[PDB]
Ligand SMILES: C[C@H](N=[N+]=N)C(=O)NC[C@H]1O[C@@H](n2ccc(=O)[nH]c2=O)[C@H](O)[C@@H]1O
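Shown here is one chain on its own, the form solved without the ligand, set out as structure tokens.
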């Protein structure tokens, strides 16, 4: 059950005036593609706060990657879901190397200790196999991101939806034949040259807990089949994520504002904001 929104004063949306004319803002299966200018964050914040939404953010920081946690977490505090309940889940082989980062009210962090083929499967296995009941009890949505990143601008409830992927920044303007999908028919991640909507990045996906566990379970199973068959997909769990999102369409797609590499790709005019970016 959803209570009424309060009275709000904001500019009238204009039917005969698009917010963005330069980019595709809805997929052919009627999922919004999230770009700056397409959303009124005040309306969305109201909708999600009225449901007392809790967002879980999962991040793996193994071996040398623990060094990235301080900037990752400090910038998440500035930019990620501010105002909403947030639970960080840091999966690491070095619990003691996790920095003590000061968190805003309503936000918490849990450190989860973890122990080549298993390493590739680790993340999908952890989210679907071991953390299943925990997540269902603790959060409404799960977001899975890479640690060697920093938030530079708002990343908020505009992304939340049953299932989302993010446009890989190297491929958003590419033809599908150029996408680095797995191309060997012997792999469960196989996608033919005449299929594919988008190339999604493994570094940022999520959705409701139920849908994220479905995705990670399916990818983990597919990866185990490939292992048994002596094959490893070209881009590992990203190849499987792409296969899954081809066959189970996401209910939102995030624009490359949400996954960018400024050193490699600059700041094109089509990106009004750079929200979550690679660390040089």
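Residue numbers count along the first chain shown, from 1.
A.B. asks: Quick one: is residue 130 left out in at least a third of the other entries we compared?
C.D. replies: That residue is present in all of the other compared entries.
A.B. asks: Can you check if residue 117 is missing its coordinates in at least one third of the other PDB entries compared, counting only those that model the residues either side of it?
C.D. replies: That residue is missing from at least a third of the other compared entries.
A.B. asks: Check the entry and tell me how many residues of the deposited sequence have no coordinates between residue 185 and residue 186: none, 1 to 3, 4 to 9, or 10 or more.
C.D. replies: Per the record, no deposited residues are absent between residue 185 and residue 186.
A.B. asks: Report the stretch with the higher mean CA temperature factor, choosing between 190-198 and 127-135 on the basis of the entry.
C.D. replies: According to the entry, 127-135 carries the higher average C-alpha B-factor.
A.B. asks: Quick check: 230-238 versus 47-55, which has the larger average CA B-factor in the record?
C.D. replies: Result of the comparison: 230-238.
A.B. asks: Identify, among 177, 148, 153, 140, the residue whose C-alpha carries the highest B-factor in the deposited PDB entry.
C.D. replies: In this record, 177 carries the highest C-alpha B-factor of the candidates.
A.B. asks: Can you pull the Cα B-factors for 19, 24, 265, 259 from the entry and say which is highest?
C.D. replies: Largest recorded C-alpha B-factor: 19.
A.B. asks: By the recorded C-alpha temperature factor, relative to the other modelled residues in its chain, which third is residue 100 in?
C.D. replies: Highest third.
A.B. asks: Going by the recorded CA B-factors, say which third of the chain residue 253 sits in, lowest, middle or highest.
C.D. replies: Lowest third of the chain for residue 253's C-alpha B-factor.
A.B. asks: Thinking about Cα B factors across the chain, which third does residue 225 belong to?
C.D. replies: Answer is highest: the recorded C-alpha B-factor places it there.
A.B. asks: With respect to C-alpha B-factor, does residue 168 fall in the lowest, middle or highest third of the chain as deposited?
C.D. replies: Ranked within chain, residue 168 CA B lands in the middle tercile.
A.B. asks: Taking the values exactly as deposited, rank residue 114 by C-alpha B-factor within its chain and report the matching third: lowest, middle or highest.
C.D. replies: It falls in the top third of the chain.
Just so it is clear, the following notes concern the form solved in complex with the ligand, a form of the same protein that is not shown.
A.B. asks: Of 184-192, 145-153, 132-140, 97-105, which is the one stretch near the ligand in the entry with it bound, taking non-hydrogen atoms within 4.5 angstroms as near?
C.D. replies: Going through the listed ranges, the match is 145-153.
A.B. asks: Give me the residue from 248, 63, 49, 70 that has a heavy atom within 4.5 Å of the ligand in the entry with it bound.
C.D. replies: The residue in contact is 63.
A.B. asks: Within a 4.5 Å heavy atom cut-off, is residue 161 in contact with the ligand in the entry with it bound?
C.D. replies: Although the ligand is absent here, residue 161 would stay clear of it in the entry with it bound, with no heavy atoms inside 4.5 Å.
A.B. asks: For residue 120, is any heavy atom within 4.5 Å of the ligand in the entry with it bound, or not?
C.D. replies: It does: once the ligand is placed as it appears in the entry with it bound, residue 120 has a heavy atom within 4.5 Å of it.
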